[PDB]
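Asks: Here the protein sequences line up with chains A and B, keeping their order. Going letter by letter, the first sequence gives residues -3 to 46 in this note's numbering. Going letter by letter, the second sequence gives residues 244 to 284 in this note's numbering. From the three backbone atoms N, C-alpha and C, an ideal C-beta is built for every residue, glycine too. Dropping the structure in here first, questions after.
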Amino acid sequence: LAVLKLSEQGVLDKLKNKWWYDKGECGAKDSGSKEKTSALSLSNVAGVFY
Amino acid sequence: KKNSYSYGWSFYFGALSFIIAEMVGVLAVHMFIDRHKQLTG
């Protein structure tokens, strides 16, 4: 009766996302997508400006 | 991360720090063209 009561309150998500992140030190979801680098960026051809 | 980062009016006025330094700098050379023609004149 208590395990289901924590899920409907959503406490377990706070109980989950605490220890997977506070023990981390790494950035999660850093990659995401590659659409923002679809074109040539500056630094890919910035040496021609140099 | 698919960012949405954008620039402010310190950057866009920094663009004016370039262009005004160009249109003034070409204006002084036209003096220097003149002020050494009336040196030779």
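With a threshold of 8 Å, are at least 3 pairs of Cβ atoms found where one atom belongs to the region 27 to 35 of chain A and the other to the region 245 to 260 of chain B?
Replies: The region 27 to 35 of chain A vs the region 245 to 260 of chain B: in contact.
Asks: Taking 7 Å as the CB-CB cut-off, is B:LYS280 touching chain A?
Replies: Walking along the second sequence from the start, residue 280 of chain B turns up at place 37. No, B:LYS280 lies away from the interface with chain A (no Cβ there is under 7 Å from its Cβ).
Asks: For A:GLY28 and chain B, any beta-carbon pair shorter than 7 Å?
Replies: Against the first sequence, residue 28 of chain A aligns to sequence position 32. Interface residue, yes.
Asks: DSSP three-state label for B:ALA258, please.
Replies: One-based indexing of the second sequence puts residue 258 of chain B at position 15. DSSP places B:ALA258 in helix when its eight states are reduced to three.
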